[PDB]
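Notes to accompany the following structure.
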Amino acid sequence: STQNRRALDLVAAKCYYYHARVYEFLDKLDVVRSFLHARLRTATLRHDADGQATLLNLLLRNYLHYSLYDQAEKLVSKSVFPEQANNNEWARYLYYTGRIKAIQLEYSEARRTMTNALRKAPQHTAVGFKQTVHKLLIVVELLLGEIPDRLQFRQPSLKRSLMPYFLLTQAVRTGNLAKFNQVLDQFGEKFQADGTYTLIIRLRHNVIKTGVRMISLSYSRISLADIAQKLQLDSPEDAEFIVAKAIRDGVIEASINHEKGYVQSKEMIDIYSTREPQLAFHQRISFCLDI
Amino acid sequence: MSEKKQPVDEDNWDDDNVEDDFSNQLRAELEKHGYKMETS
Amino acid sequence: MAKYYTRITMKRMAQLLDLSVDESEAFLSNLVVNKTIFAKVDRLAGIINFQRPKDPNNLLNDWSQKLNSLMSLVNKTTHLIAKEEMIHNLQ
Amino acid sequence: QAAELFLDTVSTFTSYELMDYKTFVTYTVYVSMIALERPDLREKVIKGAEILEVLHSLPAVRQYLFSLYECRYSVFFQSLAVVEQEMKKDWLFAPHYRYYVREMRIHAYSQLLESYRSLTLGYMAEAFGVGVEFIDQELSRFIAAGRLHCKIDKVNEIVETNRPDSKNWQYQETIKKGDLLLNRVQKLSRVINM
Amino acid sequence: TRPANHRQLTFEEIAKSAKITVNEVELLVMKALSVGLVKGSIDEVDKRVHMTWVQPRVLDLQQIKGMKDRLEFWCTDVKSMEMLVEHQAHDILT
Amino acid sequence: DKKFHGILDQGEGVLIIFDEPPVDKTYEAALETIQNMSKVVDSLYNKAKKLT
Amino acid sequence: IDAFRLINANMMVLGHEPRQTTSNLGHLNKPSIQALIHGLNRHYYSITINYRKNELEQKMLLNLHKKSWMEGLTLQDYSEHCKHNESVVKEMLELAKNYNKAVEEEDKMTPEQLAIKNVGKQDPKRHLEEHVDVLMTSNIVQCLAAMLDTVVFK
Amino acid sequence: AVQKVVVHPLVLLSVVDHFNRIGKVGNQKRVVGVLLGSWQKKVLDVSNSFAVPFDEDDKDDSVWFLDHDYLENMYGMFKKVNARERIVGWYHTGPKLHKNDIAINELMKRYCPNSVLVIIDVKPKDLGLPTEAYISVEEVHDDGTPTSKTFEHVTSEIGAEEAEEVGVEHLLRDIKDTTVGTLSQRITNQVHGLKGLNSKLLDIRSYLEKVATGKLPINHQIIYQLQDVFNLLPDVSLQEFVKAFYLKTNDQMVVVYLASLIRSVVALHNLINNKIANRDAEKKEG
């Protein structure tokens with residue numbers, strides 16, 4: 001009750017960043033972790049404010065950057081909620097766990113805690129971590145399909161940090177295949193410097209599903225020995241095969257005349273008499289009643 | 001104000017979508033029509 | 001034929017008028033420009049039809065009418081059964 | 001709006017900034033051929049005595065506007081190449097010269113396509129603009145862009161149209177603005193009250 | 001006899017069940033509509049009729065068994081949908 | 001010229017004729033409210049954002 | 001109400017105050033000044049009353065007065081409900097244009113002055129939250145009742 | 001011939017007070033009285049009443065008595081105090097429709113032509129409106145007797161009046177779920193109205209108790225309606241009744257999406273009118 005834990009949990013947290021950057025320069029990292037667990041062990045039992053919060057972001061800061069287990073642990077960590085963390089350590093808290101679901105393939109759940117990690121942030125200008133989340137937030141949306149205009153707040157310090165990465169999503173909204181490869185040699189070295197390359201390498205599945213939606217919506221009765229030459233696939237024998245998983249995933253619906261070679265598609269109009277715009281309402285009806 | 005504790009480190013929008021379309025497709029599409037009349 | 005039919009062929013109606021199929025089309029021309037009988041005829045499959053609009057809203061509207069006819073009818077028998085027991089097992 | 005502010009062209013005097021009134025005539029006709037359809041181009045700028053005689057001194061713009069109205073589709077692109085080049089070197093249209101023609105292409109395409117339903121794709125080469133595969137790559141990128149309501153076939157060599165209602169497309173622009181305004185107010189309510 | 005799912009008989013079945021030719025069954029049903037014993041519509045190109053309303057007849061103690069049983073599971077359907085009402089809108093009104 | 005509407009065919013010349021007053025009152029007279037209310041929230045910068 | 005009863009004017013000549021208060025139950029109601037102009041309290045007096053209510057009457061007038069029979073199990077003129085759903089929204093646009101107006105003349109003359117001065121012409125802010133209640137209960141009641149008829153009626 | 005009846009809460013209370021003043025007999029007494037009122041514009045009105053002396057012995061229950069001298073002079077007084085008021089018919093207390101009420105009506109039809117009866121409740125428990133009325137119709141018809149006559153229920157409700165709504169709403173003071181918003185309809189007809197259809201479904205089950213075992217008259221004129229209810233049972237979900245349903249859901253909820261969007265910005269503006277009275281008040285006052 002003297003706030004000796006409370007006022008010095010900040011002094012714990014604020015010295016840890018100097019305790020880290022010394023150790024992230026010339027020293028080790030890992031017996032501080034076991035010291036941090038006992039520091040976490042004494043938390044939440046005696047006092048239950050701002051000791052549950054900072055001791056977990058400072059637990060994550062190299063556990064992400066290591067391959068140690070530490071990610072399903074943070075699932076079964078009860079300390080996910082400290083419920084209040086002073087609006088700046090809380091705001092990046094959703095970011096450090098935001099990359100966790102991204103790096104282990106949890107796509108759609110991650111983009112809402114990436115967005116919430118972006119809009120709880122202060123009014124500063126030299127913001128190089130905000131330079132990172134604005135990059136990472138729409139990596140995972142390229143994995144899903146949606147893409148906003150990223151340069152909608154472009155700065156004299158944001159512009160040079162976007163031009164390789166903005167040129168990346170130039171290729172995704174197109175249907176070309178080696179255009180992705182024209183990026184992945186021109187800016188392959190920059191993507192490792194930001195530490196994102198293992199996410200970038202799997203976009204070839206998303207380019208071709210964007211392409212097959214574009215082609216099936218453009219052309220109605222197209223030969224399967226024509227789509228491969230347009231996608232520079234170099235082979236018609238697997239041009240049936242991507243379309244096979246395109247119906248297995250359910251991108252396009254209609255049939256293939258494999259004996260002839262043309263892929264017909266039905267003109268599916270009047271989605272107006274279907275339940276699905278009410279789902280676009282019911283997500284947004286209830287939310288605007290919440291605000 | 002304006003702190004952000006650092007742990008780590010119109011006129012523009014419509015043409016960007018138009019830059020997306022003809023990014024590498026027929027920028028100065030001016031003279032091929034003079035050369036497509038005798039072919040097509 | 002507009003009252004009781006839904007969709008009849010061109011050849012059938014011209015036979016029930018005992019005249020030419022062209023003379024049958026001239027009869028329905030100057031009656032729907034009078035708009036006293038509405039029709040949507042055809043001269044490729046001979047398929048004419050009577051009182052066939054798009055009906056965007058009249059589906060649910062006539063359905064809602066069938067509820068109020070039904071709910072008035074379930075109220076008709078409900079207060080009628082209870083008196084019928086009162087003339088057999090009264091006292 | 002700019003054709004609506006340039007609606008009059010009568011009391012618009014021989015001013016200082018467009019020192020030729022005929023330059024003002026060229027600007028008000030270039031914005032009119034986007035902003036309004038043809039129940040209104042067939043009454044307002046084709047019949048105005050104030051607008052007919054001032055481009056009677058112009059051989060270029062008279063041929064450029066009327067080719068869309070006279071359905072002279074092939075010669076339409078010839079002067080469209082002239083205007084768009086002139087639009088580049090001109091000030092104040094050069095911020096948006098690439099946005100103009102791609103709206104004038106899609107307006108010249110769909111005007112021809114909404115007349116018929118079973119128009120083959122090899123008819124538009126010799127009557128509308130040469131290059132069959134040029135038409136192919138151009139129509140493929142606009143249907144995929146979500147406009148120009150038709151549906152092209154490939155191996156029986158035909159272009160089919162459809163007709164959608166003004167419900168799905170009218171619903172589409174609503175969900176953009178509803179997301180945009182809620183993006184505005186949710187970000188606002190975080191900023192105020194800490 | 002037909003249930004309320006279709007009750008959509010064809011003219012060939014009338015030509016089977018009344019052994020009368022094709023060129024008279026249209027005259028037969030317009031008489032039936034005029035007297036008022038049936039209320040339905042008449043197609044001619046698909047050769048079917050959409051009968052909707054029929055004249056009510058009498059029945060013995062066996063057809064009430066069908067009207068007992070088709071009524072009986074319709075009772076609990078009023079129970080089942082209203083069960084959502086007083087359980088979900090319960091705190092809206094005590 | 002939209003004085004009549006339908007479609008024209010080239011193989012044989014069939015004029016499919018159809019008509020519907022589709023809807024116009026419900027949506028676009030409700031759509032401009034959104035761009036009106038956009039200007040209201042912009043005016044809320046002129047009494048709150050500059051102020052508090 | 002407030003039944004009365006006379007007092008003797010013989011005691012008025014004596015100057016003697018009647019009715020000899022033994023309980024703090026009489027002086028609970030205050031008489032009106034217009035009745036005090038008349039003979040109260042110089043010729044008559046008030047009497048406190050209550051009412052004799054009983055469950056033999058209480059329940060059989062509550063559950064019988066306003067009972068809606070099958071009204072909410074209707075659809076309310078199904079072509080015109082969505083027609084009335086535009087009969088409000090159209091002027092609700094321009095009433096929001098007033099709300100796109102009245103907020104813009106704030107940070108101005110001290111909105112206590114914006115209380116006196118707005119008694120001539122209509123305001124958006126109260127009128128604009130008015131129709132939202134109307135455009136909700138007309139919709140939510142009618143949309144819910146349509147989706148209970150589909151289950152119960154087959 | 002008669003549209004409906006209109007019953008005021010005065011006469012509703014003007015029976016129960018008489019049921020209490022005869023409730024001391026203990027054994028058996030039905031409250032039978034004279035119903036006063038008018039009927040104008042084809043709508044039956046009920047305004048006033050009283051009760052007439054009446055007894056009934058159980059053996060040979062066809063001997064009733066109406067002291068008509070008590071019927072004459074008291075109506076002679078009520079016509080004198082109110083010439084607008086007149087006779088409208090009669091009533092009885094009606095637990096279970098006693099037997100004399102086939103010819104009580106024919107005894108006193110020489111005053112009112114359409115001499116209507118009213119059945120009331122003395123023990124109030126139901127989920128409806130416990131006020132019943134019939135009408136007198138006779139028939140030289142189908143099968144029963146050469147002289148046949150059976151009452152038919154005309155619809156019944158409690159009508160209001162401006163003067164009595166002061167007194168009616170004064171005597172309640174218990175509960176009154178007013179403020180009709182989004183949830184008055186939810187309970188007056190969506191909680192209750194679905195359970196309204198309960199006892200209407202359950203009523204034809206009570207007639208269904210005669211499948212082979214119940215009372216001896218079987219149907220003849222009861223089943224033409226029941227044959228129609230299963231026939232006029234509504235349209236199944238295969239047609240554009242599917243499609244036009246999603247059509248209006250995609251239309252009605254648009255207005256709900258707009259209106260809810262408005263409600264946020266209004267209360268957001270009301271937040272700014274409360275930060276104008278917080279930060280601009282602490283520096284001034286303290």
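By order of appearance in the structure tokens: chains A, B, ..., then residues from 1 within every chain, and ligands from 1 in the order shown.
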Problem - Residues of chain H within 12 Å of chain F, counting only C-alpha atoms, as a PyMOL selection string - result: chain H and resi 248+250-280
Could you save the residues just selected, with C-alpha atoms, as a short mmCIF file (atom, residue, chain, number, x, y, z; two decimals), in the first residue's frame?
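Below is the file again-v8.cif, written as the result:
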```cif
data_model
loop_
_atom_site.label_atom_id
_atom_site.label_comp_id
_atom_site.auth_asym_id
_atom_site.auth_seq_id
_atom_site.Cartn_x
_atom_site.Cartn_y
_atom_site.Cartn_z
CA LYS H 248 -36.82 -6.57 -47.87
CA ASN H 250 -31.78 -6.00 -47.55
CA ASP H 251 -34.08 -2.93 -47.54
CA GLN H 252 -35.49 -2.61 -44.02
CA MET H 253 -32.11 -3.06 -42.32
CA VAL H 254 -30.55 -0.35 -44.51
CA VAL H 255 -32.74 2.19 -42.71
CA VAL H 256 -31.69 0.59 -39.42
CA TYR H 257 -28.07 0.88 -40.53
CA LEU H 258 -28.49 4.54 -41.32
CA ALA H 259 -30.43 5.40 -38.17
CA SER H 260 -28.03 3.64 -35.81
CA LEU H 261 -25.12 5.38 -37.55
CA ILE H 262 -26.79 8.70 -36.76
CA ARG H 263 -27.27 7.88 -33.07
CA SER H 264 -23.51 7.57 -32.51
CA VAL H 265 -22.64 11.05 -33.81
CA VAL H 266 -25.47 12.65 -31.82
CA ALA H 267 -24.22 11.23 -28.53
CA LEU H 268 -20.66 12.03 -29.61
CA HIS H 269 -21.73 15.66 -29.92
CA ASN H 270 -23.27 15.39 -26.46
CA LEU H 271 -19.89 14.27 -25.14
CA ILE H 272 -18.36 17.50 -26.42
CA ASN H 273 -21.04 19.53 -24.65
CA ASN H 274 -19.89 17.84 -21.43
CA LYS H 275 -16.18 18.46 -21.93
CA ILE H 276 -17.06 22.11 -22.49
CA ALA H 277 -18.45 22.14 -18.92
CA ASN H 278 -15.59 20.21 -17.30
CA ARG H 279 -12.29 21.70 -18.47
CA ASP H 280 -13.75 25.20 -18.78
#
```
Exercise for the section: Within 8 Å of residue 83 in chain C, counting only C-alpha atoms, which residues show up once you throw out same-chain ones fewer than 3 positions away? Write them as a list in words, please. Expected result: residues 79, 80, 86 and 87 of chain C; 151 and 152 of chain H
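Every protein, DNA or RNA residue with an atom at most 6 Å from range 42-55 of chain E, where only C-alpha atoms count and chain neighbours fewer than 2 positions away do not, is listed here: residues 5, 6, 7 and 8 of chain C; 8, 9, 10, 11, 37, 38, 39 and 40 of chain E.
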Problem - Residue contacts of residue 152 in chain G (9 Å, only C-alpha atoms) excluding same-chain residues fewer than 5 positions away, as a count of residues only - result: 5
Practice task
May I have the residues within 9 Å of residue 47 in chain C as a ChimeraX atom specification, using only C-alpha atoms and disregarding those fewer than 3 positions away in the same chain?
Solution key: /C:7-10,40-44 /E:45
Could the residues in this selection be saved with N, CA and C atoms as a CSV table (one decimal), in the first residue's frame?
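Output saved as again.csv:
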```csv
chain,number,residue,atom,x,y,z
C,7,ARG,N,-51.3,-18.7,-69.0
C,7,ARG,CA,-50.4,-18.6,-70.2
C,7,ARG,C,-50.9,-19.6,-71.2
C,8,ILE,N,-51.3,-19.0,-72.4
C,8,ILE,CA,-51.9,-19.8,-73.5
C,8,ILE,C,-51.1,-19.5,-74.7
C,9,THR,N,-51.1,-20.5,-75.7
C,9,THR,CA,-50.3,-20.3,-76.9
C,9,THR,C,-51.1,-19.5,-77.9
C,10,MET,N,-50.4,-19.0,-78.9
C,10,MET,CA,-51.0,-18.1,-79.9
C,10,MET,C,-51.9,-18.9,-80.8
C,40,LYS,N,-49.1,-9.6,-72.7
C,40,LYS,CA,-47.7,-9.6,-73.2
C,40,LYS,C,-47.6,-10.7,-74.2
C,41,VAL,N,-47.9,-10.4,-75.5
C,41,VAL,CA,-47.9,-11.5,-76.5
C,41,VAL,C,-46.5,-11.8,-77.0
C,42,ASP,N,-46.4,-12.8,-77.8
C,42,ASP,CA,-45.1,-13.1,-78.4
C,42,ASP,C,-45.3,-13.5,-79.9
C,43,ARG,N,-44.3,-13.3,-80.7
C,43,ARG,CA,-44.3,-13.8,-82.1
C,43,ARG,C,-43.0,-14.5,-82.4
C,44,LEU,N,-42.5,-15.3,-81.4
C,44,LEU,CA,-41.5,-16.2,-81.9
C,44,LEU,C,-41.8,-17.6,-81.3
E,45,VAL,N,-49.6,-24.1,-71.8
E,45,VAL,CA,-48.4,-24.5,-72.6
E,45,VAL,C,-47.7,-25.6,-71.9
```
Handout entry: Residue contacts of range 72-74 of chain C (10 Å, only C-alpha atoms) excluding same-chain residues fewer than 5 positions away, as a PyMOL selection string
Key = (chain C and resi 66-67+79) or (chain G and resi 70) or (chain H and resi 197+200-201+203-204+225-226+228-229+232)
Exercise for the section: Taking only C-alpha atoms into account, report as a PyMOL selection string which residues of chain F lie within 6 Å of chain D. Expected result: chain F and resi 1+7-9
Problem - Interatomic distance, CA of residue 13 in chain H to CA of residue 57 in chain G (Å, one decimal) - result: 7.1 Å
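Neighbours of range 253-264 of chain A closer than or equal to 8 Å, with only C-alpha atoms counted and sequence neighbours fewer than 2 positions away skipped, come out as residues 220, 221, 222, 223, 224, 225, 247, 250, 251 and 266 of chain A; 155 of chain D.
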Practice task
Grab the CA of residue 162 in chain D to CA of residue 149 in chain D distance for me, in Å with one decimal place.
Solution key: 6.4 Å
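Straight-line separation from CA of residue 65 in chain D to CA of residue 53 in chain D: 13.8 Å.
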